[PDB]
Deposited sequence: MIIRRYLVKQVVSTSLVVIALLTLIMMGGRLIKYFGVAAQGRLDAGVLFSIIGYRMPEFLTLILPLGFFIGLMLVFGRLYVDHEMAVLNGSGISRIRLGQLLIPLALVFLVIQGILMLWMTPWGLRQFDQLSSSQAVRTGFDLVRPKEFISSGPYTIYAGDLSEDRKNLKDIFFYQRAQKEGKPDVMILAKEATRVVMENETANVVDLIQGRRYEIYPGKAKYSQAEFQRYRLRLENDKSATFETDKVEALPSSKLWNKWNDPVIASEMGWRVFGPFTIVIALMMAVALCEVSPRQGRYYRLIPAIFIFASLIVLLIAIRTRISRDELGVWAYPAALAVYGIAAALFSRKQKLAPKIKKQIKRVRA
């Protein structure tokens, strides 16, 4: 009953935090992607597909962070409203309460093991093909109103632009062929009421048609080839990476003791930085192995030091 009480609380508040971090971590990136789309450097209709393909990438970080934060909010609530004094006072320690959530942490470890090993590469594989398809945009696709856009041998100036990136107005095109048009609808561009000049050939017209990574490789291809340090860092990042859930379990148990007057959220910001120091260390370990300076053995060592430090602090 006490295990089901905690699992229901942790799952409920971890999913709230995970959905709260997804809205913030990728809401900021979606807005940044919208900023690129507002300048024509990215199709406005695909920026929702980019967020879809980066779901496993961000949820790779949010899931340990959501589990860690959700664990301390639950354990903070037990301390704040005196449910821990009656649990300790009945013979159930805080370490014992954290050991009742090992079956839950194993489920979250398996879930993130799926993200890190399968969907994070799969999401990054489709995103890389999609993003490279948006890097070929040039010419009238990158045009901006009241500005000159130069892409290779093309210089395009549009006096106005619709809400969608079509129906240009007051168009100036330069190579040397100079083309000026009153209207242009979209590379294939249909120019309306325009003039074409060669720099001396002049040709007025009424209409005219102008015709100017190892991070995403499948885990199957990375199971072998451990000799290459680049694959060694990435494959180790996918195998020892999911075990940050366990470290997020025994470190949230250690750093959750809070006074009733201090609050449920008192130990969040101090202890999110202690958790983030683990991830920053693990990102700083992934790069060195990529340059063949540290070796793949340092992934469990980074987790073990934080695992032992959290276990020792919870037993002081």
TODO: Compare the deposited sequence with the modelled residues and state the ranges that are missing C-alpha positions.
DONE: 1, 177-184, 196-203, 217-222, 236-246, 351-366
